[PDB]
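Number of protein chains: 2
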Amino acid sequence: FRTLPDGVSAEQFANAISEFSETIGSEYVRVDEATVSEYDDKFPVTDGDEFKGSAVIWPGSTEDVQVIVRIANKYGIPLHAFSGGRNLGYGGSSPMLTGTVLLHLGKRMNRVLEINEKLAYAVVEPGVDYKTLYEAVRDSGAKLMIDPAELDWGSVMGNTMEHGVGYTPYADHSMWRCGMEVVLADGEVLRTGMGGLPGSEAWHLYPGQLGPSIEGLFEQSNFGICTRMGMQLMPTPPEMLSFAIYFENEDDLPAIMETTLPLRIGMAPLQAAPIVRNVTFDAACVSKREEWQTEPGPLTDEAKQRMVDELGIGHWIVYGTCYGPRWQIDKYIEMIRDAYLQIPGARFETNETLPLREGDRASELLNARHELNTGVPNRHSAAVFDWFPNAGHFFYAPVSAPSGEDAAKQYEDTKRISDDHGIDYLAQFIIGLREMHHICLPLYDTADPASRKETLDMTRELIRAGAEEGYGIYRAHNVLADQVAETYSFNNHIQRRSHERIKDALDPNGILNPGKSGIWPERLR
Amino acid sequence: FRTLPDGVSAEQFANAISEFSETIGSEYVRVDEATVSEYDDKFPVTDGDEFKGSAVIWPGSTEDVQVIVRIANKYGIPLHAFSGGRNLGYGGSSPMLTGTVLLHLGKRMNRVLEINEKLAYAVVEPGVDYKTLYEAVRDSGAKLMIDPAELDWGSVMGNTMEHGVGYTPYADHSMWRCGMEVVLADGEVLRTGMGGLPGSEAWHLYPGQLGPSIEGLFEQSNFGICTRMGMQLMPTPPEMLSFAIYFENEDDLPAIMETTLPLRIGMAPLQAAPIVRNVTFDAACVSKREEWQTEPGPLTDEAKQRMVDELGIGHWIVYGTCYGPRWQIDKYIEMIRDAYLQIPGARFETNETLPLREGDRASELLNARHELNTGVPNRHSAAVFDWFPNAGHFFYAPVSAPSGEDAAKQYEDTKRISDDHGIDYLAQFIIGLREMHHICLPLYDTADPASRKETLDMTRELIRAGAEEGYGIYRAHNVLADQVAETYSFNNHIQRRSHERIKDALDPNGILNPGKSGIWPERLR
Ligand SMILES: *Cc1cc2c(cc1C)nc1c(=O)[nH]c(=O)nc-1n2C[C@H](O)[C@H](O)[C@H](O)COP(=O)(O)OP(=O)(O)OC[C@H]1O[C@@H](n2cnc3c(N)ncnc32)[C@H](O)[C@@H]1O
Ligand SMILES: *Cc1cc2c(cc1C)nc1c(=O)[nH]c(=O)nc-1n2C[C@H](O)[C@H](O)[C@H](O)COP(=O)(O)OP(=O)(O)OC[C@H]1O[C@@H](n2cnc3c(N)ncnc32)[C@H](O)[C@@H]1O
Ligand SMILES: [Cl-]
Ligand SMILES: [Cl-]
C-alpha cells in the first residue's frame, strides 16, 4: 500500500479493502500507484509523504457511500470525500492525513437529476461540473443561466461546499444552494430543509424547516458526505453586456475600489460584483512569463509596463457585466463609464467596442470574462499553469472592509513579501456587496522544493501580516488549516472549540477528513 | 413560586434565585405573579400552567447573561431567552416548559451600537425594535432603509432568530443578518464569522470564516443566547412607488399566483415579493367584524362582498412596491399593471392615484403597506386584535411549490376547516422568489377556553392535512412544535435526531428552552 493511516496495520487495511471490494465491487476500489497518484495534490508545497491518500474508491450511489462509511467506522480508517477533487490552490484531491482512503464521488455519481425552468433550479450529483451543467441546461431549452467559477471542470456541488464563487449576480454559490442529501459519519442519510418532509416539492425552493438551518454546517467541514444538491439558477435576462476598464497606474487601486463600492452596494448599476485584477493576472492568461522578463527573479516594474503596453490593457483592469433589457443596460453602462472615467487615464470598453478577434489578446481577456459573467463556462484561466513550466498556485485570500487606502496597503505589502520570496503575485480585488476580498494567486514551480518552501514561507508570513491588521482568511490549503484556524482566536478559539464539539457529536469515531479547517476529532486532539 | 421546573425543588429554586439576585441585582430578578404573568403567552390555546414561566430576569450585559447561564447549569434550571418577547401567534414570551426562568434581554440590552452608512449595516442589541432602529437611522442622516415586519414593536434580532420576514427587497431577515455574539449553554461567548478574528472590521460584512457557517444553527433553536447582531440595510433608492391590485372574484387566486411567479422569480419587475391577501385580512385592519356581520357564526359570502364593495377593494388584493430611479419604476409598473389587468375585473392603483385620504379606507390600507415596503414601520395590522374582543392569532403557515391550482385548493380547504370550527380566516399568499407561502392567520377569542380548543383542534388538522399534501410548516407555536417536528419524518426523523445531537453537543446539561422546534435534550428524551 503506497501509504497507511496511523494506527492501521497492513493486515487491517487489507481486510477493509476486501470489505470495500465485496460491497462496492472490486472494479471501484483502487490501490494501484498509477490511479492513486492521480489524486495527490497537483500543486503541493511539501516534498514528502504529507497529504498522500492510500486508496481511492468510486462509489456509484448514496447506498455505496453509506456502506463505505460503515466499513471505515468499523476499521477506524479516515476518509476524504470530494466531488471533482479539483480544489487546486487548496489541496486538490489530497486528504489532511497521509493514508486516508479517498472517495471520488464524481467519477460515477455525475448526473443532472432535474432541471426546472418554471422554478429556475437544477439538482446535481457530485460529478456534475460547470461544463456539464451548462450543456444539460442548453439541451433542456430552459431559459436559465449557471454561475461558473473560472475553470469549467469545477464541480457545481464541490465548489459550493468550499463557499466558492463565480461572477454573475448568482456569484455566491452558498446562497443559491438549496436542499442537500448528506451521508452522515454513521452512514445515516440526512435531507436538509424541506427534503425532511415526505412529498414536499420545496426541497430546492425554500432553504428552511422547523428548527435550525444546517446546510452551512457542511461548508469547509468534515461532518458529512453530500450525494445530491439543488442549485437555484438565474433566469436568463433579455440582454447582457460586459465591460473592461483599464487603469494606467499601479497607484489607481484606491480610487478604483472607492469608485466601485457605492456603485455595487445597492446591486445597481453594478448588478454583479466586478473583479479588479493586476496586469500580471491578465498577462498570465494570454502569455508566458518569458515574453516579459527572461530573468527569473521578481518581475520588474518595466516588465509589468511591457505587459500593459503590449497587451493594450492597464496596471489594473476592472471587468463586469450589466444584465436586463437594453434600456436598463444602457443606463447602467453610462453610470459605470461616467464614474470610472473620472480616474485620470482610465479607458472603458464593452464586448461590442472590443469584440473577440483572433490575436487581439485584450479582446480574448474581455471575451473570457464576458463568457463567465453570462453563464458560459470556460478554462481560459488554465493558461496561468503555462506561465512557466510547472506553474501552480496556493491561495492567500483575506476578507476586509472596503477601503481604497487599505487595498493599496495590502497590495504594496503583498508585492513586498512576494518579491522577498521571488514568487510572482497575481492579484484580484473584489467588493462582493459590503466586503472586500484580496485574492493573492501566487505562481510558483510546483516541481521545485525550493519554490515550494518559498511559497509556503511567503504565505505563512502573509497570514501573520494579514491577521495583525484584522484581515482573516476564509478558505485555505490543507497545509495552512491549523495556522488559519488559530487566527480566529476570539475567546480562546471558541469557534474551533464549537466546531470540535459538533465534529465529536456528528463523527464520534473521527472518520471524516480529520483536521479539515483545523477541525480535529477528539481521538487526535 | 408561581410554577417550578420538573426536577427542581422549591429549596433548590430559591437557592438559584438567591444566586441570580446576588450576581445580577435583586431589582432585576422577579418572581412575583404580577410581574411574571406579563410574560405568559398573550394568545394562549391552553388553559392551565402549560408554558408558564417561574421567574423573569432582566440582564444588563453579555456578562450578566453568562453568569445567569452558569448558575442555571449548576442548578439544572431551564432558561428561555428572548429579545422583545412579542412572538405573538407562536407563543409570545412563553417558554416550552412550565417553570422555565425567562430572560428578557431587550428590557435593558436595547442599544443601537452602529449605523454604518458607507457599508450599509446596523448593529443591534436584543431590545432594539423596528420603531427604534427606524428612528436611529432617520436621526443619523444615513441613506439606509430598514426592513420591518408588520408590527413596529418586533425586535430586529428576535424576529431574525425566528427566520422572520418583512416586505422590502431585504424581506429575508436571515439573509441580511451578519455577525452575532452568542452566549453558549456553558456561558462561553462566541462571535460568529469574522467576529472570531480580533481586529476584523468584517464581522457584519461577510458571513464567513474558515470552516462551517453556523449562524443558521441559532435560528428557531435552543443552542445559545444572542447579545448582539449585525443587520445589513438596503441603501435608500432614488424613488419608491407602491401599488394595490384588486381582484373581483375569490376564484381569481390561481391566475393571480401564476401571473406573480414569472414577474418575481427574476427579481424584476417584482423587486420585492408582493403579498396577496383576502378581503377579510384587509377589512380586519380598518374595521371590526360587526361592521359587516352581526351573526357570530362564520362570515357569509354576502358579508365578504359587503367588505369588497364598501371598502372598494377586491376579494384578493395584491400589494407591491417598485424601487429605483423613476425611469426604472415606470417600466416595471407598466409591466406589472399590463400583466395583472388581463385578469377580468382587476383594478390597479398606486399610492399616487390612491393617496392617503381621511375616510378612504382603501387608501389607508395601501398607505400602511407602502410604509412597510419603504422601510417605515407601523402597527396598522394591530387593528386585527380589535376585530372582536380579545381577538388573537395562531399561525398555520406552510410552504410549498408555486401553483395557482394548489393555492386555491389550500384556500378552499382552509375556509372549509375554519368554517367547521367557527374560526375567522385571514389569508395571505406570497411567492418569495421560488417558494409559495400560505399564511393562515386565524382570529379566535384568546380569553375563551372553547375558542382556544377549537383553534388548536383546527390547526392540528390543518398541519395533518398539509403534511399529507407535502406542505410543511417552518415556524410554529410552542404547543405545535412536536407535531410539526414529527412531520419532517424522512429516514425516521433524521432531521430531529441531528438537531438533538447538536443540542447535546452544545448544551450538555439541556438548560436552554427544552423542546424548542421539537429539539429535546438527552435528559428529557
Ligand atoms: C487555479 C485556479 C483555481 C481557482 C480559480 C482560478 C484558478 C487559476 N478561480 C476560482 C474561482 O473563480 N472561484 C472559486 O471558488 N475557486 C476558484 N479556484 C479554485 C478551484 O478551482 C475551484 O474552487 C474548484 O471548483 C474547486 O474544486 P472542485 O469543484 O473539484 O471541488 P472538490 O475538490 O470536489 O471539493 C472541494 C472540497 O469540498 C468538500 N467536498 C466537495 N464535495 C463533497 C461531497 N460530495 N461531500 C463532502 N465534502 C465534499 C471537500 O472538503 C473537498 O475537498
Ligand atoms: C399577530 C401578528 C404577528 C405577525 C405579523 C402580523 C400579525 C397581525 N406579521 C409578521 C410578519 O410580517 N413577519 C414576521 O416575521 N412575523 C410576523 N408576525 C409574528 C410576530 O409579530 C413577529 O415575528 C415578531 O417580530 C416576533 O417577536 P419578537 O420580534 O419580539 O421576537 P422575540 O419574541 O424576542 O423572539 C422570538 C424567539 O426567537 C428566539 N430569540 C429571540 N431573541 C433571542 C436571543 N437574544 N437569544 C436567543 N434566542 C432568541 C427565541 O426562541 C424567541 O422565543
Ligand atoms: Cl475555478
Ligand atoms: Cl410582526
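Line order of the protein sequences matches chains R and H. So in the UniProt record's numbering, spot 402 of the first sequence is number 404, and the numbers just go up one at a time. So in the UniProt record's numbering, spot 77 of the second sequence is number 79, and the numbers just go up one at a time. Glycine included, C-beta positions come from ideal geometry on N, C-alpha and C.
Secondary structure within the stretch 12-61 of chain R: the alpha helix (DSSP H) runs of 4 or more consecutive residues, fully enclosed, are 12-26, 35-38 (chain order).
H:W329 counts as exposed, since fewer than 16 other beta carbons sit within 10 angstroms of its beta carbon. With a cut-off of 7 Å, the C-beta of R:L263 is classified as distant from ligand 4, since no heavy atom of the ligand falls inside that distance.
Nearest to R:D408 by C-alpha distance, out of R:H439, R:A384, R:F45, R:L367, is R:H439. Rounded to the nearest angstrom, the Cβ distance from R:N112 to R:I513 is 24 Å, too far for a contact under 8 Å. Here the alpha carbons of R:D253 and R:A410 stand approximately 7 Å from one another. Looking at the backbone, the Cα of R:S85 and that of R:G93 are separated by about 14 Å. Partner residues in the beta bridge of R:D131, as assigned by DSSP, are R:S157. For a Cβ distance threshold of 8 Å, nothing in chain H lies close to R:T25: the least Cβ distance comes to about 20 Å. Look at the beta carbons and you see the stretch 336-349 of chain R not touching the stretch 288-298 of chain R: under three pairs across the two are nearer than 8 Å. Taking 8 Å as the upper bound for CB-CB distance, H:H479 and H:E456 are not in contact here, some 15 Å apart. When Cβ-Cβ separations below 8 Å define contact, R:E221 makes contact with chain H. Taking H:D34 as the centre and dropping the five residues before and after it, the same chain places no C-beta closer than 8 Å to its C-beta. Distances from the CB of H:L135 to the heavy atoms of ligand 4 are all 7 Å or more. Taking 8 Å as the CB threshold, H:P150 stays off the interface with chain R. Three or more Cβ pairs closer than 8 Å define a contact, and the stretch 270-284 of chain R falls short of that threshold against the stretch 218-234 of chain R. Classified as exposed, R:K145 has fewer than 16 neighbouring CB atoms from the shown chains inside 10 Å of its CB. In this structure, H:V184 has its beta carbon at no less than 7 Å from each heavy atom of ligand 1. Taken in chain order, the complete beta strand (DSSP E) segments of 3 or more residues contained in the stretch 413-448 of chain R are 426-433, 438-447.
Assignment of H:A151 by DSSP, reduced to helix, strand and coil, places it in the coil class. Take H:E183, set aside five residues on each side of it, and the residues of its chain with a beta-carbon closer than 6 Å to its own are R193, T229, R230, in chain order.
With a cut-off of 7 Å, the C-beta of H:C228 is classified as near ligand 2, since at least one heavy atom of the ligand falls inside that distance. H:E502: member of the alpha helix (DSSP H) spanning 492-508, first to last residue.
Within chain H, the C-beta atoms nearer than 8 Å to that of R:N493 come from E190, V191, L192, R193, in chain order. Contact with chain H is absent for R:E524, since none of that chain's Cβ atoms lies less than 8 Å from the residue's Cβ. Residues of chain H with a Cβ closer than 8 Å to the Cβ of R:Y208 are, in chain order, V401, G434, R436, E437, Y476.
In this model, R:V71 and R:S176 are separated by some 26 Å (Cα to Cα). Scanning chain H for C-beta atoms nearer than 8 Å to the C-beta of R:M196 yields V401, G474, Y476, reported in chain order.
For H:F245, the three-state secondary structure derived from DSSP is strand. DSSP links R:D174 through a beta bridge to R:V167. DSSP, read as helix, strand or coil, puts H:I117 in strand. One thing to note: H:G101 has its Cβ no nearer than 8 Å to the Cβ of H:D42. Between R:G326 and R:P239, the C-beta gap is smaller than 8 Å, which places the two residues in contact.
The beta carbon of H:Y490 sits closer than 8 Å to some beta carbon of chain R. A Cβ of chain H is located within less than 8 Å of the beta carbon of R:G326. When Cβ-Cβ separations below 8 Å define contact, R:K333 makes contact with chain H.
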